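Note on naming: letters A, B, ... go to the chains in the order of the sequence lines (proteins, then strands), and numbering restarts at 1 for each one. Note that these values count all heavy atoms, side chains included, but never hydrogens, waters or copies made by symmetry.
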Amino acid sequence: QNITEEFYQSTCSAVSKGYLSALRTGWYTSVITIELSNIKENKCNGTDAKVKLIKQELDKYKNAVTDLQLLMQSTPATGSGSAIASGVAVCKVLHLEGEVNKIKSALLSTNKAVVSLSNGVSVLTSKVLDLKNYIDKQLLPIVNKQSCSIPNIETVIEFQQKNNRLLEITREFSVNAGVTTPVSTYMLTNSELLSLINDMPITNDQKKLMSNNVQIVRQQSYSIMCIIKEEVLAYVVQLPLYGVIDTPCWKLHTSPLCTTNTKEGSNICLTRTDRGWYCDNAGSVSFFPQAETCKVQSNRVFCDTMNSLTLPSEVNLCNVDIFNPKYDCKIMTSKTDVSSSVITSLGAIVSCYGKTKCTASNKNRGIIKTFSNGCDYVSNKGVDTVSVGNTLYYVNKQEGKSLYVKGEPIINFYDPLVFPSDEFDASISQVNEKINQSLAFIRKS
Amino acid sequence: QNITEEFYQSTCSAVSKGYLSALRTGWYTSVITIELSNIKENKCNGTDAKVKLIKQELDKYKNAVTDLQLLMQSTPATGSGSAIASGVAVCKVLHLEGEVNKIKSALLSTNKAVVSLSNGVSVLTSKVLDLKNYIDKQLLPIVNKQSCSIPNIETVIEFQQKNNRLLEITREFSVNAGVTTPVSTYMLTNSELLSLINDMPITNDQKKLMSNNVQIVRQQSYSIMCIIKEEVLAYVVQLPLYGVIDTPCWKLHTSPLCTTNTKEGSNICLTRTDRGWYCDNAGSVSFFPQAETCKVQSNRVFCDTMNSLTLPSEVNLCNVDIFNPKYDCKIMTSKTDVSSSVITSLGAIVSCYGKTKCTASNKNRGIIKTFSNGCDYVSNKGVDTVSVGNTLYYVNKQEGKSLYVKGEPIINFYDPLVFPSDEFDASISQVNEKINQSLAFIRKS
Amino acid sequence: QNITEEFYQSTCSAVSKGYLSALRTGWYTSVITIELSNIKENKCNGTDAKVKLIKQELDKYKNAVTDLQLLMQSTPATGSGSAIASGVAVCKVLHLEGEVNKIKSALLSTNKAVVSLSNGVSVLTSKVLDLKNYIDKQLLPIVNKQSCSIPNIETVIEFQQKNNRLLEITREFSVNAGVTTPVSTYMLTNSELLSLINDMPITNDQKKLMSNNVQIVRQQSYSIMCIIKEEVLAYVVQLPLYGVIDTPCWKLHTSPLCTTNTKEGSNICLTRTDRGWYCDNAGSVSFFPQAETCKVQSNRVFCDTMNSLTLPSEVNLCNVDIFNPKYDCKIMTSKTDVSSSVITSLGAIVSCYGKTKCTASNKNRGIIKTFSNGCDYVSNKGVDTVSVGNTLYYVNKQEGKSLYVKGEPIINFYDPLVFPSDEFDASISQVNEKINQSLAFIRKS
Ligand SMILES: *[C@@H]1O[C@H](CO)[C@@H](O)[C@H](O)[C@H]1NC(C)=O
Ligand SMILES: *[C@@H]1O[C@H](CO)[C@@H](O)[C@H](O)[C@H]1NC(C)=O
Ligand SMILES: *[C@@H]1O[C@H](CO)[C@@H](O)[C@H](O)[C@H]1NC(C)=O
């Protein structure tokens, strides 16, 4: 993928192109089980040190089960849910009588198995840990008899190793009220996640995609605690399904565009709004305003559509013609000419105002460019850093072509006296109509 | 508790009723101690593998103590403190001479004990781990002699198990500058927290409440590191006291209300402000503007009053009469008619504008409702999902009654030419006075 | 350091003085290595319990290596990087052929060593864990032979202890896409961090500073995963270099200043903007608008300059003369007279409006001050708490002098009819010019 960039001197904005989409549009839920031991505490005459270690680890197992039980009695809402409703619907099905016996039968001989639930959902079930088998075969002869049998030291160590994952899962579920994201390796090991991806009803390009970006998949997944019932600990892992793939995506960067008069109070400023990630999606554009909602790997963006707005494709025209009537290009205005910089994908936008010392340097040559007052841009070819005031920014060293699109700063087309200089969410045409109204108040007088 | 909802078509807003309050109004501090060993490193001729394992674990114990000591030399401020000032006042009392000896005497024979501090605060002290007893009885004969004694392998394992909680507490305290929240099971086990709740000077309904919502209690508690002095590691657990209980609470949901003309630039929009949680409190209303400050379990809201504003009870009138003079109903205005949806407790508000494809579907029947341009609502009875543009929302499947309160959208009562369309925090009456002023500028001409 | 405070009754704002700066201006990168074993899985006839435990722990080691390898195949971007570009440049140098052999040679005999990389960067390299030596000397005779040798139980325990740090580092790197901050003790132990600080090319006051604030240093550091190649696991720890030291720093606190008429809709409000931390820096002022970007220890502020704005030193005049022409003092206006309080360093600002019950109490005397409608302040001498509505705030008990600078509230100098009451980012002079324009629209009529 070739990354390119375009700086628009007229609007103090830049667009980083060449990115490929992967938008989450669906969920794939899967049930993860832990076979438990319904054993109850047993006391026999015991004093030998190995028996003490076993009984100690057994109490940590019993507390882990009772803690998961009181966690499951009352499960907290997470702000209208919605991003978890798929998995929550599976946990509600699991509470039906006979449903845990169904998964208990399918995972009787193998670790993984597909199960058709009683609501038409074909889930992939897995049994990642078997504590009932270990406790009932290796532990019960030690406490369940009348006088305690003496266990070998390998058993004490093996039981602390096996019981550890149960304790860590209970720890994560306790501090997070039953809903964890990202999904840890305790909830699902990388081996188990990759095997679950491979066993999913998705295309081979989607398996290659999710398997090559497992850390992003983990960060966009949920682990929801279901139920403890009949020697079964069940919880749902909700994995992202990327319904939108390889569509063009671009990132808009904006910076304040002010006039540069020498008398403070005589300068006006404007800034394009709606900076962030845009991706082509189903004849429209999916816009992601929040900064943390899109993870980038290589030239691929991984977004969740739940945090997006759907805009007409004409919103891209704000990048080629901001004065263009097919879409009302939104701006904000002010008189706050404070210097700043924005590090883009292939360079840096610099808004320099007042007495601020703005420059672009190379590590061994020193200052190679001094910015004047206004908004400007520099590519990363030959530039390592950008300094604005007392702050030093590092330029991204990604290879790509930048294009400096020269043009008159549009802030110069505005008469300062009638400019609306404190708008917080104004359109280009909205500002023009407010100027037409301020010109009518002066026209009559 | 019966959950009900009311959608106001006139203002594009909904109120989810029937919730019960639990507001934090106080703090209950309690001291958690770990009895340490003032042992110093001892070297004897040692080479046997068991001695090596013991000395290794002993170095991890010594580093944990010195790390807690350098953490305690300089303890960082957490933004004016205040939400921790109770516990901080107890740590400052603990630094007095003789105060650690007081708790050291009360916890000499039992694990838990009430201690009257020298500042009038009756704290509950607990001794959750005893490393001085284990190290001095089981470890000192191994290194403190002239030539090392050989320990049995059970001791090596028992010491790694006992020392683990100390190491994990030091780990959490190191990355968080001595203040952790939520309070982990390492800081306080569920058994110890429930026993501390049971032993608190509170009513039985408050013990049942905190014991049935321990994960919410943990998320609203603080663990503050106090002092390492005289073989004692002390830290304060600050637990919430809910002074407001079972008062009605409701959640306000708002969405943009625009006009639906076919020419862009001719539409005006308004949105009610102050969406969030409201709870009746002491003759006024406690409002919670931040989204993460209230955890909901069942029909109970658990808020911290520190993040609230106190409003007159007349603020509820913005839900029945927004044009009502007892309270100045606040709105924001704009021309940004971008489609969106809000998932409520019992349905979904949909603001559909432009060419956006808005619909409500059932999983097996398909599209059951198509929204027209404007603001509308659909209940969760028979609806599973709501799609707006390229985004699919899941409706909460909670049982309850919705009431669709029909009414003329108030945005239609405004002449567009004189509407103030870029207000960021305007009142209903503020907009009307600004319209009266814009009508005076046209009246004279 | 003497902490002082000044409340300006005229502007409802306070300044907390006497703080010393420590601003991050540079990065010191250092390479942290783990010597790995390129062993491959070996199967021999094995059934004895000790052999099983060893092979189990060996599989956890092999998965940890393959997981770090698939994490290193595709490393995610973190929003234009920049705050990590130093360490990222070192990881890119490390990918060159012969560079891992260079650090492999320098750390052949000692744990720490300075290495001149092939790009002119003199990094400090460290070898914190040696798994190749342990696996190849103690483990290979157990599986690599034809039939398995029987290991002693001390080896099983020693290998679980040594392998643990590798597994935890892989766990943190897996959930965080290769970039962790703060830097945990697994990434770098306190002993290793202090030794790295001591071995840094910095002054002795900077070593005393970083060593006395290691938790703040950890919170302002990054751990970046580099490469797995040729029996070497390498990752860069990027530590802050504080180029600005002991410069005066002050914290500005602001609260709404409204008029107190008895008829709602007739009151106007103003609030000073740009509250936060200000520090003198190189002839200008470095301002930190975000609340979480500055950690305070003692009277020292630790900020990262990346999150700062550079302002002229005349910005301090907004604290002594807000109507002063050398700097255009910024404000926001509204009609939202909701009561609130701000806990400062030495007292509390209280904005009381409407019917709100505002008071300041002592724990044993009760209410010692009742605030009237308007903006006021109380020092912490004799005051423990401040109650506003249903909310109780704790006053910081830090010792210092407060100065109440009496003055007429500037909101009283404004005629309400022509006040711009919905400005979101207005200057004092901007509001005056907008008033001059509203006076011209009434002057003609
Ligand atoms: C403002 O005036 C210009 C000039 O006649 C006109 O073209 C424009 O449509 C008017 N209104 C707006 C909203 O720009
Ligand atoms: C605006 O005009 C109406 C009509 O006379 C009046 O009732 C109202 O009080 C005026 N002022 C405001 C602030 O609404
Ligand atoms: C507003 O009017 C006053 C009075 O003449 C004048 O001093 C001031 O410069 C004018 N303009 C502004 C922007 O304050």
By a 4.5 Å heavy-atom criterion (distance strictly below it), what part of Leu194(C) contacts chain B: side chain, backbone, both, or neither?
-> side chain
Side-chain H-bond candidate by donor/acceptor type, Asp280(B) with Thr247(B), under 3.5 Å | no
Using a distance-only test with no angle check, is there a side-chain donor-acceptor pair under 3.5 angstrom linking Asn213(C) and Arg300(C)?
-> no
Contact class of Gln73(B) relative to chain C, heavy atoms under 4.5 angstrom = neither
Just checking, any donor-acceptor pair under 3.5 angstrom between side chains of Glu5(C) and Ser16(C)?
-> yes
Tell me, side chain or backbone of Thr344(C) under 4.5 Å from chain B's heavy atoms, or both, or neither?
-> backbone
Chain B heavy atoms under 4.5 Å from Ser445(C): which part of the residue, side chain, backbone, both or neither?
-> both
Donor-acceptor contact present, side-chain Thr391(C) to main-chain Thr305(B), <3.5 Å | yes
May I ask you to check whether the SG atoms of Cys279(B) and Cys303(B) are separated by less than 2.5 Å?
-> no
List the steps, then state whether side chain to side chain donor-acceptor pair (under 3.5 Å) holds for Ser402(C) with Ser379(C).
-> CA-CA 6 Å; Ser402(C) 299; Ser379(C) 65; 4.9 Å; no
Which bit of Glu158(C) is near chain B, if near means a heavy-atom gap under 4.5 Å: side chain, backbone, both or neither?
-> both
What part of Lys60(B) gets closer than 4.5 Å to chain C, counting heavy atoms only: side chain, backbone, both or neither?
-> side chain
When the ring planes of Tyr61(B) and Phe159(B) are compared, do they come out parallel, tilted or perpendicular, using 30° and 60° as the limits?
-> tilted
Under 4.5 Å from any heavy atom of chain C - which part of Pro420(B) = neither
For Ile157(B), is it the side chain, the backbone, both, or neither that has a heavy atom closer than 4.5 Å to a heavy atom of chain C?
-> side chain
From the list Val296(C), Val338(C), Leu392(C), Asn212(C), the residue making the most non-hydrogen contacts under 4.5 Å with chain B is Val296(C)
Does any heavy atom of chain C fall under 4.5 Å from the side chain of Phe441(B), the backbone, both, or neither of them?
-> side chain
Among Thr189(C), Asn396(C), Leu417(C), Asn390(C), the residue with the most heavy-atom pairs under 4.5 Å to chain B is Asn390(C)
Under 4.5 Å to a heavy atom of chain B? For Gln398(C) that would be neither
Not counting sequence neighbours, list each pair that qualifies as a salt bridge (charged side-chain N to carboxylate O under 4.0 Å, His left out) and has a residue in residues 171-180 of chain B.
-> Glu168(B)-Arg171(B)
Scan side-chain atoms only and decide if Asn152(C) and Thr155(C) contain a donor-acceptor pair under the 3.5 Å cut-off.
-> yes
Heavy atoms only, distances under 4.5 angstrom: which of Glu423(C), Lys444(C), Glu264(C) has the most pairs with chain B? Name it, please.
-> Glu264(C)
Counting heavy-atom pairs under 4.5 angstrom with chain C, the leader among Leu309(B), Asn63(B), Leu71(B) is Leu71(B)
Is there a donor-acceptor contact under 3.5 Å linking the side chains of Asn307(B) and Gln290(B)?
-> no
Under 4.5 Å to a heavy atom of chain C? For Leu311(B) that would be side chain
Applying a strict 4.5 Å limit to non-hydrogen atoms, the region of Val214(C) in contact with chain B is side chain
With a 4.5 angstrom heavy-atom cut-off, could you sort out which part of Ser308(B) is near chain C: side chain, backbone, both or neither?
-> both
So what's closer than 4.5 Å to chain C heavy atoms on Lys50(B): side chain, backbone, both or neither?
-> both
Would you sort out whether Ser174(B) and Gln215(C) count as a side chain to side chain donor-acceptor pair (under 3.5 Å), showing the intermediate values?
-> CA-CA 6 Å; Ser174(B) 298; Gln215(C) 60 257 95; over 6 Å; no
On the ring face of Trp27(B), is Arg24(B) found with NZ or CZ under 6.0 Å from the centre and within 45° of the axis?
-> yes
Could you tell me which of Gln160(B), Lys330(B), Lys434(B) has the largest number of non-hydrogen atom pairs under 4.5 Å with chain C?
-> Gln160(B)
Are side-chain N/O atoms of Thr271(C) and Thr254(C) paired as donor and acceptor at under 3.5 Å?
-> no
Looking at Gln437(B), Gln430(B), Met306(B), which one has more heavy-atom pairs under 4.5 Å with chain C than the rest?
-> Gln430(B)
Using a strict 4.0 Å threshold on nitrogen-to-oxygen distance, state whether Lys363(C) and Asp384(C) make a salt bridge.
-> no
Against chain C, label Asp304(B) side chain, backbone, both or neither, depending on which of its atoms sit under 4.5 Å from a heavy atom there.
-> neither
Heavy-atom pairs under 4.5 Å with chain C are the metric here; pick the option from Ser74(B), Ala426(B), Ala282(B), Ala49(B) that has the most.
-> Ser74(B)
Structural part of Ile343(C) lying under 4.5 Å from a heavy atom of chain B | both
Among the options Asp328(B), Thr25(B), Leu53(B), pick out the one with the most heavy-atom pairs lying under 4.5 Å from chain C.
-> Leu53(B)
Checking heavy atoms, do the side chain of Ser80(B), its backbone, both or neither come under 4.5 Å from chain C?
-> both
Engaged part of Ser211(C) at the chain B interface, taking heavy atoms whose separation is under 4.5 Å = backbone
Would you kindly say whether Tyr353(C) and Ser340(C) are connected by a side-chain donor-acceptor distance under 3.5 Å?
-> no
